[PDB]
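A.B. asks: Sharing structure-v2.txt, compact mmCIF, N, CA, C and O atoms:
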# COMPACT_ATOMS: atom_id res chain seq x y z
N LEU K 266 32.33 -130.59 170.85
CA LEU K 266 31.19 -131.52 171.16
C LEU K 266 31.18 -132.06 172.60
O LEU K 266 30.28 -132.80 172.97
N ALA K 267 32.19 -131.71 173.39
CA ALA K 267 32.29 -132.16 174.77
C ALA K 267 32.05 -130.99 175.69
O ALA K 267 32.23 -129.83 175.31
N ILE K 268 31.66 -131.32 176.91
CA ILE K 268 31.43 -130.33 177.94
C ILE K 268 32.17 -130.81 179.15
O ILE K 268 32.45 -132.02 179.28
N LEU K 269 32.48 -129.87 180.04
CA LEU K 269 32.83 -130.19 181.42
C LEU K 269 31.67 -129.92 182.40
O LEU K 269 31.18 -128.81 182.46
N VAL K 270 31.21 -130.94 183.13
CA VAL K 270 30.22 -130.73 184.20
C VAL K 270 30.93 -130.78 185.54
O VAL K 270 31.80 -131.62 185.75
N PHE K 271 30.57 -129.89 186.45
CA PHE K 271 31.33 -129.76 187.70
C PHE K 271 30.53 -129.20 188.87
O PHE K 271 29.47 -128.62 188.68
N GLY K 272 31.09 -129.37 190.07
CA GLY K 272 30.58 -128.75 191.30
C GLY K 272 29.76 -129.67 192.19
O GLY K 272 29.17 -129.22 193.17
N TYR K 273 29.75 -130.96 191.88
CA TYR K 273 28.91 -131.94 192.58
C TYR K 273 29.77 -132.70 193.58
O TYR K 273 30.98 -132.85 193.36
N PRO K 274 29.16 -133.16 194.70
CA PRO K 274 29.91 -134.06 195.58
C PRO K 274 30.20 -135.36 194.84
O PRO K 274 29.35 -135.81 194.09
N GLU K 275 31.38 -135.95 195.06
CA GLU K 275 31.78 -137.16 194.33
C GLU K 275 30.74 -138.29 194.48
O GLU K 275 30.50 -139.08 193.55
N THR K 276 30.09 -138.36 195.64
CA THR K 276 29.05 -139.35 195.85
C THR K 276 27.92 -139.28 194.79
O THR K 276 27.19 -140.24 194.59
N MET K 277 27.81 -138.13 194.12
CA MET K 277 26.69 -137.83 193.23
C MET K 277 26.98 -137.97 191.72
O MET K 277 26.09 -137.77 190.90
N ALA K 278 28.23 -138.32 191.38
CA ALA K 278 28.71 -138.33 189.98
C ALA K 278 27.80 -139.05 189.01
O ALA K 278 27.41 -138.50 187.99
N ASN K 279 27.47 -140.29 189.33
CA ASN K 279 26.68 -141.12 188.43
C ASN K 279 25.28 -140.59 188.17
O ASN K 279 24.80 -140.69 187.04
N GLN K 280 24.66 -140.00 189.20
CA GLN K 280 23.35 -139.38 189.03
C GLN K 280 23.46 -138.22 188.03
O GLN K 280 22.52 -137.97 187.25
N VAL K 281 24.61 -137.54 188.07
CA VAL K 281 24.83 -136.35 187.23
C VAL K 281 25.06 -136.79 185.80
O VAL K 281 24.48 -136.23 184.88
N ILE K 282 25.89 -137.81 185.63
CA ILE K 282 26.18 -138.35 184.30
C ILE K 282 24.87 -138.83 183.71
O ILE K 282 24.55 -138.50 182.59
N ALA K 283 24.11 -139.58 184.49
CA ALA K 283 22.83 -140.10 184.03
C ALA K 283 21.91 -138.99 183.57
O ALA K 283 21.26 -139.08 182.52
N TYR K 284 21.84 -137.92 184.36
CA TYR K 284 21.00 -136.80 183.99
C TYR K 284 21.47 -136.25 182.64
O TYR K 284 20.65 -135.98 181.76
N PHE K 285 22.79 -136.12 182.44
CA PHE K 285 23.26 -135.49 181.20
C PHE K 285 23.06 -136.33 179.92
O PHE K 285 23.17 -135.79 178.81
N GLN K 286 22.72 -137.61 180.07
CA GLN K 286 22.31 -138.41 178.92
C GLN K 286 21.00 -137.92 178.29
O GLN K 286 20.74 -138.17 177.12
N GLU K 287 20.20 -137.20 179.05
CA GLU K 287 18.97 -136.62 178.52
C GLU K 287 19.21 -135.64 177.36
O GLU K 287 18.27 -135.33 176.64
N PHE K 288 20.44 -135.15 177.20
CA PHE K 288 20.75 -134.19 176.14
C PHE K 288 21.25 -134.83 174.85
O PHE K 288 21.25 -134.21 173.78
N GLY K 289 21.66 -136.09 174.96
CA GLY K 289 22.20 -136.79 173.80
C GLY K 289 22.89 -138.06 174.23
O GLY K 289 23.13 -138.28 175.42
N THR K 290 23.19 -138.90 173.26
CA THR K 290 23.99 -140.08 173.48
C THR K 290 25.37 -139.69 173.94
O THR K 290 26.00 -138.82 173.34
N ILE K 291 25.85 -140.31 175.02
CA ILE K 291 27.17 -140.00 175.53
C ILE K 291 28.21 -141.02 174.99
O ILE K 291 27.93 -142.22 174.94
N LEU K 292 29.38 -140.54 174.60
CA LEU K 292 30.40 -141.41 173.94
C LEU K 292 31.29 -142.14 174.93
O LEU K 292 31.64 -143.29 174.72
N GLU K 293 31.68 -141.46 176.01
CA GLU K 293 32.37 -142.13 177.09
C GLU K 293 31.58 -143.37 177.50
O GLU K 293 30.33 -143.37 177.44
N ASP K 294 32.30 -144.41 177.92
CA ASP K 294 31.72 -145.66 178.45
C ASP K 294 31.57 -145.63 179.98
O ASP K 294 32.19 -146.45 180.68
N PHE K 295 30.75 -144.71 180.50
CA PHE K 295 30.48 -144.68 181.94
C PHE K 295 29.62 -145.90 182.31
O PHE K 295 28.70 -146.27 181.57
N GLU K 296 29.93 -146.49 183.45
CA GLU K 296 29.22 -147.65 183.96
C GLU K 296 27.71 -147.43 184.02
O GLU K 296 26.94 -148.30 183.65
N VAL K 297 27.28 -146.26 184.47
CA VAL K 297 25.85 -146.00 184.62
C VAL K 297 25.11 -145.86 183.31
O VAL K 297 23.90 -145.89 183.31
N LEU K 298 25.83 -145.71 182.19
CA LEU K 298 25.19 -145.64 180.88
C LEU K 298 25.20 -146.95 180.12
O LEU K 298 24.73 -147.01 178.98
N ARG K 299 25.71 -148.00 180.76
CA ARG K 299 26.03 -149.23 180.04
C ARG K 299 24.77 -150.06 179.82
O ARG K 299 24.05 -150.38 180.77
N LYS K 300 24.52 -150.38 178.56
CA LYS K 300 23.41 -151.23 178.14
C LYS K 300 23.79 -152.72 178.30
O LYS K 300 24.89 -153.04 178.77
N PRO K 301 22.86 -153.65 178.01
CA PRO K 301 23.24 -155.00 177.57
C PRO K 301 22.30 -155.57 176.48
O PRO K 301 22.62 -155.53 175.28
N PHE K 313 35.12 -144.81 170.52
CA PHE K 313 35.77 -144.75 171.82
C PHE K 313 36.38 -143.37 172.11
O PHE K 313 37.33 -142.94 171.44
N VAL K 314 35.83 -142.69 173.12
CA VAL K 314 36.50 -141.57 173.76
C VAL K 314 36.88 -142.02 175.15
O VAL K 314 36.15 -142.78 175.78
N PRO K 315 38.03 -141.54 175.64
CA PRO K 315 38.49 -141.91 176.98
C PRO K 315 37.89 -140.98 178.02
O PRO K 315 37.60 -139.82 177.74
N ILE K 316 37.75 -141.51 179.23
CA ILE K 316 37.13 -140.78 180.33
C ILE K 316 38.12 -139.84 180.99
O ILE K 316 39.15 -140.27 181.48
N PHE K 317 37.80 -138.55 180.97
CA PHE K 317 38.50 -137.56 181.76
C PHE K 317 37.58 -137.10 182.87
O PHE K 317 36.50 -136.58 182.60
N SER K 318 38.01 -137.31 184.11
CA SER K 318 37.24 -136.87 185.27
C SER K 318 38.16 -136.77 186.47
O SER K 318 39.30 -137.23 186.44
N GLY K 319 37.66 -136.10 187.50
CA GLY K 319 38.38 -135.95 188.74
C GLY K 319 37.32 -135.86 189.80
O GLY K 319 36.18 -136.27 189.58
N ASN K 320 37.68 -135.34 190.97
CA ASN K 320 36.70 -135.16 192.02
C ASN K 320 35.91 -133.88 191.71
O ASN K 320 36.51 -132.83 191.46
N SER K 321 34.58 -134.02 191.68
CA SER K 321 33.66 -132.93 191.33
C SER K 321 33.71 -132.41 189.88
O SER K 321 33.26 -131.30 189.61
N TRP K 322 34.21 -133.19 188.93
CA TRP K 322 34.09 -132.78 187.53
C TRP K 322 34.24 -133.94 186.56
O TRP K 322 34.96 -134.88 186.84
N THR K 323 33.53 -133.88 185.44
CA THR K 323 33.70 -134.87 184.39
C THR K 323 33.63 -134.21 183.05
O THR K 323 32.89 -133.26 182.86
N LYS K 324 34.36 -134.76 182.11
CA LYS K 324 34.14 -134.41 180.73
C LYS K 324 33.08 -135.35 180.25
O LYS K 324 33.03 -136.50 180.69
N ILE K 325 32.21 -134.84 179.38
CA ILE K 325 31.17 -135.64 178.73
C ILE K 325 31.19 -135.28 177.26
O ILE K 325 31.22 -134.12 176.93
N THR K 326 31.13 -136.26 176.38
CA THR K 326 31.25 -136.01 174.97
C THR K 326 30.04 -136.60 174.29
O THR K 326 29.74 -137.78 174.48
N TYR K 327 29.35 -135.76 173.51
CA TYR K 327 28.19 -136.16 172.73
C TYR K 327 28.54 -136.47 171.23
O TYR K 327 29.67 -136.30 170.84
N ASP K 328 27.55 -136.93 170.43
CA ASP K 328 27.68 -137.21 168.96
C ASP K 328 27.59 -135.98 168.07
O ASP K 328 27.85 -136.09 166.85
N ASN K 329 27.08 -134.87 168.61
CA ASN K 329 26.62 -133.78 167.74
C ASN K 329 26.66 -132.43 168.42
O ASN K 329 26.68 -132.37 169.63
N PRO K 330 26.72 -131.34 167.65
CA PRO K 330 26.80 -130.02 168.29
C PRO K 330 25.57 -129.64 169.09
O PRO K 330 25.69 -129.00 170.13
N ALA K 331 24.40 -130.04 168.60
CA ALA K 331 23.11 -129.71 169.25
C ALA K 331 23.07 -130.17 170.70
O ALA K 331 22.65 -129.41 171.58
N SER K 332 23.49 -131.40 170.95
CA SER K 332 23.47 -131.97 172.29
C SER K 332 24.35 -131.19 173.25
O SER K 332 23.94 -130.93 174.38
N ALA K 333 25.53 -130.77 172.79
CA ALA K 333 26.46 -130.00 173.62
C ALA K 333 25.87 -128.63 173.94
O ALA K 333 25.89 -128.17 175.09
N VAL K 334 25.32 -127.99 172.92
CA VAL K 334 24.67 -126.68 173.07
C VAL K 334 23.56 -126.78 174.11
O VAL K 334 23.48 -125.96 175.01
N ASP K 335 22.74 -127.83 174.02
CA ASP K 335 21.62 -128.04 174.93
C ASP K 335 22.06 -128.34 176.38
O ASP K 335 21.46 -127.85 177.34
N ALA K 336 23.07 -129.18 176.53
CA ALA K 336 23.63 -129.48 177.85
C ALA K 336 24.12 -128.22 178.53
O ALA K 336 23.91 -128.03 179.69
N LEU K 337 24.76 -127.36 177.76
CA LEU K 337 25.35 -126.13 178.26
C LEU K 337 24.34 -125.22 178.92
O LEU K 337 24.68 -124.45 179.81
N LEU K 338 23.09 -125.31 178.48
CA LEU K 338 22.00 -124.55 179.05
C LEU K 338 21.72 -124.95 180.49
O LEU K 338 21.05 -124.22 181.17
N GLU K 339 22.19 -126.11 180.93
CA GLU K 339 22.08 -126.51 182.35
C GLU K 339 23.06 -125.84 183.30
O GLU K 339 23.09 -126.16 184.47
N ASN K 340 23.87 -124.92 182.80
CA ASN K 340 24.79 -124.19 183.63
C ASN K 340 24.05 -123.35 184.68
O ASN K 340 23.29 -122.44 184.35
N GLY K 341 24.32 -123.64 185.95
CA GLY K 341 23.63 -122.96 187.03
C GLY K 341 22.41 -123.70 187.55
O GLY K 341 21.81 -123.29 188.53
N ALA K 342 22.02 -124.79 186.91
CA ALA K 342 20.84 -125.51 187.35
C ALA K 342 21.11 -126.09 188.71
O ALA K 342 22.23 -126.48 189.00
N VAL K 343 20.09 -126.16 189.55
CA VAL K 343 20.20 -126.83 190.83
C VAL K 343 19.79 -128.27 190.60
O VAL K 343 18.79 -128.53 189.93
N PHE K 344 20.56 -129.20 191.12
CA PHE K 344 20.31 -130.61 190.89
C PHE K 344 20.46 -131.33 192.21
O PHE K 344 21.56 -131.32 192.79
N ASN K 345 19.37 -131.94 192.69
CA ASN K 345 19.36 -132.57 194.01
C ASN K 345 20.10 -131.72 195.05
O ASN K 345 20.97 -132.23 195.76
N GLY K 346 19.77 -130.43 195.12
CA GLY K 346 20.31 -129.54 196.16
C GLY K 346 21.74 -129.02 196.01
O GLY K 346 22.31 -128.46 196.96
N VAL K 347 22.35 -129.18 194.83
CA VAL K 347 23.66 -128.56 194.55
C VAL K 347 23.57 -127.83 193.23
O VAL K 347 22.76 -128.17 192.36
N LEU K 348 24.41 -126.82 193.06
CA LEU K 348 24.50 -126.12 191.79
C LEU K 348 25.44 -126.89 190.86
O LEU K 348 26.55 -127.26 191.25
N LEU K 349 24.98 -127.13 189.63
CA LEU K 349 25.83 -127.71 188.61
C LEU K 349 26.42 -126.65 187.70
O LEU K 349 25.74 -125.70 187.31
N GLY K 350 27.69 -126.84 187.36
CA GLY K 350 28.33 -126.03 186.32
C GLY K 350 28.48 -126.81 185.02
O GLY K 350 28.75 -128.01 185.03
N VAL K 351 28.28 -126.13 183.91
CA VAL K 351 28.49 -126.73 182.61
C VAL K 351 29.17 -125.71 181.75
O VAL K 351 28.69 -124.58 181.63
N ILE K 352 30.31 -126.09 181.17
CA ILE K 352 31.04 -125.23 180.22
C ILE K 352 31.53 -126.08 179.08
O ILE K 352 31.67 -127.29 179.24
N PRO K 353 31.82 -125.45 177.92
CA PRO K 353 32.46 -126.18 176.85
C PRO K 353 33.80 -126.74 177.32
O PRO K 353 34.55 -126.04 178.02
N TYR K 354 34.09 -127.98 176.96
CA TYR K 354 35.41 -128.55 177.19
C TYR K 354 36.51 -127.77 176.46
O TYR K 354 36.31 -127.32 175.34
N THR K 355 37.65 -127.60 177.12
CA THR K 355 38.89 -127.15 176.47
C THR K 355 40.05 -127.95 177.05
O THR K 355 40.02 -128.28 178.25
N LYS K 356 41.06 -128.23 176.22
CA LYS K 356 42.27 -128.97 176.64
C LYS K 356 42.93 -128.26 177.78
O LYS K 356 43.32 -128.88 178.74
N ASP K 357 43.02 -126.93 177.69
CA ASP K 357 43.69 -126.14 178.71
C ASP K 357 43.10 -126.38 180.11
O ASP K 357 43.84 -126.61 181.08
N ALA K 358 41.77 -126.37 180.19
CA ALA K 358 41.06 -126.51 181.47
C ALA K 358 41.33 -127.86 182.07
O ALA K 358 41.70 -127.96 183.24
N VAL K 359 41.18 -128.91 181.27
CA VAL K 359 41.40 -130.25 181.80
C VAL K 359 42.87 -130.41 182.24
O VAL K 359 43.14 -131.07 183.26
N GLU K 360 43.80 -129.80 181.50
CA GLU K 360 45.23 -129.81 181.86
C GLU K 360 45.48 -129.16 183.23
O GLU K 360 46.17 -129.74 184.07
N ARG K 361 44.92 -127.97 183.45
CA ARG K 361 45.07 -127.28 184.75
C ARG K 361 44.44 -128.07 185.91
O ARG K 361 44.90 -127.95 187.05
N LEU K 362 43.40 -128.86 185.63
CA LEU K 362 42.74 -129.67 186.66
C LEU K 362 43.55 -130.91 187.04
O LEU K 362 43.47 -131.38 188.18
N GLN K 363 44.32 -131.44 186.09
CA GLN K 363 45.28 -132.52 186.36
C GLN K 363 46.71 -131.98 186.36
O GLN K 363 47.32 -131.79 187.42
So that I can check it, write out the structure of this file as structure tokens.

C.D. replies:
Amino acid sequence: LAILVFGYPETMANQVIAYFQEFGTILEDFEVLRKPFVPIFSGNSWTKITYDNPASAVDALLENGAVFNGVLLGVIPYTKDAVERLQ
């Protein structure tokens, strides 16, 4: 149910997270999604994002290769192995 989004300049992270809310409710407590528990895994140019349901993840994944404000975004299914190699 989680994806890894990647390839963006760090200055752009929140815009990217915000965009990915369009696919489903996000479980991580990112500041930019906060109204008025999964833990946040992220680094420079990548974040894990976790949805409520399989449909949302499947739909987000279709954004793989999309151009977003002049950069290419990557989207892949989350795996423990990948996040481990990144940290």

A.B. asks: DSSP says alpha helix (DSSP H) for which residues of chain K? Put them as JSON, numbers by chain?

C.D. replies: {"K": [278, 279, 280, 281, 282, 283, 284, 285, 330, 331, 332, 333, 334, 335, 336, 337, 356, 357, 358, 359, 360, 361, 362]}

A.B. asks: Which residues are close to segment 342-352 of chain K, i.e. within 7 Å by only N, CA, C and O atoms, leaving aside same-chain residues fewer than 5 positions away? Reply as an mmCIF file with N, CA, C and O atoms, keeping the file's coordinate frame.

C.D. replies:
data_model
loop_
_atom_site.group_PDB
_atom_site.id
_atom_site.type_symbol
_atom_site.label_atom_id
_atom_site.label_comp_id
_atom_site.auth_asym_id
_atom_site.auth_seq_id
_atom_site.Cartn_x
_atom_site.Cartn_y
_atom_site.Cartn_z
ATOM 1 N N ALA K 267 32.190 -131.710 173.390
ATOM 2 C CA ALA K 267 32.290 -132.160 174.770
ATOM 3 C C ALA K 267 32.050 -130.990 175.690
ATOM 4 O O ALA K 267 32.230 -129.830 175.310
ATOM 5 N N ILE K 268 31.660 -131.320 176.910
ATOM 6 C CA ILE K 268 31.430 -130.330 177.940
ATOM 7 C C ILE K 268 32.170 -130.810 179.150
ATOM 8 O O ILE K 268 32.450 -132.020 179.280
ATOM 9 N N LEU K 269 32.480 -129.870 180.040
ATOM 10 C CA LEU K 269 32.830 -130.190 181.420
ATOM 11 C C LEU K 269 31.670 -129.920 182.400
ATOM 12 O O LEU K 269 31.180 -128.810 182.460
ATOM 13 N N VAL K 270 31.210 -130.940 183.130
ATOM 14 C CA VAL K 270 30.220 -130.730 184.200
ATOM 15 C C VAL K 270 30.930 -130.780 185.540
ATOM 16 O O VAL K 270 31.800 -131.620 185.750
ATOM 17 N N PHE K 271 30.570 -129.890 186.450
ATOM 18 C CA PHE K 271 31.330 -129.760 187.700
ATOM 19 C C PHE K 271 30.530 -129.200 188.870
ATOM 20 O O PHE K 271 29.470 -128.620 188.680
ATOM 21 N N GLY K 272 31.090 -129.370 190.070
ATOM 22 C CA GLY K 272 30.580 -128.750 191.300
ATOM 23 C C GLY K 272 29.760 -129.670 192.190
ATOM 24 O O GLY K 272 29.170 -129.220 193.170
ATOM 25 N N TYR K 273 29.750 -130.960 191.880
ATOM 26 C CA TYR K 273 28.910 -131.940 192.580
ATOM 27 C C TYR K 273 29.770 -132.700 193.580
ATOM 28 O O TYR K 273 30.980 -132.850 193.360
ATOM 29 N N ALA K 336 23.070 -129.180 176.530
ATOM 30 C CA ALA K 336 23.630 -129.480 177.850
ATOM 31 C C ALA K 336 24.120 -128.220 178.530
ATOM 32 O O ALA K 336 23.910 -128.030 179.690
ATOM 33 N N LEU K 337 24.760 -127.360 177.760
ATOM 34 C CA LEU K 337 25.350 -126.130 178.260
ATOM 35 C C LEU K 337 24.340 -125.220 178.920
ATOM 36 O O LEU K 337 24.680 -124.450 179.810
#

A.B. asks: How far is it from atom CA of residue 334 of chain K to atom CA of residue 288 of chain K, in Å with one decimal?

C.D. replies: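 Between these atoms lies a distance of 9.0 Å.
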
A.B. asks: What is the atom CA of residue 279 of chain K-atom CA of residue 325 of chain K distance in Å, reported with one decimal?

C.D. replies: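 The value is 12.0 Å.
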
A.B. asks: Here is a test: counting only N, CA, C and O atoms, which residue of K:291, K:314, K:297, K:333 is nearest to residue 353 of chain K?

C.D. replies: K:333

A.B. asks: Would you mind reading off the distance between atom CA of residue 339 of chain K and atom O of residue 285 of chain K, one decimal, in Å?

C.D. replies: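 Calculated distance between atom CA of residue 339 of chain K and atom O of residue 285 of chain K is 10.0 Å.
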
A.B. asks: List as JSON, numbers by chain the protein and nucleic acid residues near residue 289 of chain K, meaning an atom at most 7 Å away when only N, CA, C and O atoms are counted, but skip any in the same chain fewer than 5 places from it.

C.D. replies: {"K": [284, 326, 327, 328, 332, 333]}

A.B. asks: Using only C-alpha atoms - which residues lie no farther than 8 Å from the point (35.4, -146.7, 171.3) in the file's frame? Write them as a list in words.

C.D. replies: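 Looking at atoms near the point gives residues 292, 293, 313 and 314 of chain K.
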
A.B. asks: Around segment 279-294 of chain K, with edges along x, y and z and 4 Å added on all six sides, what centre and edge lengths do you get, in Å to one decimal, as JSON?

C.D. replies:
{"center_x": 25.3, "center_y": -140.3, "center_z": 181.3, "size_x": 22.1, "size_y": 20.3, "size_z": 24.1}

A.B. asks: DSSP on the backbone, then: every residue of chain K marked strand (DSSP E or B), written as a ChimeraX atom specification.

C.D. replies: /K:267-271,291,318-319,322-327,343-344,347-348,350-353
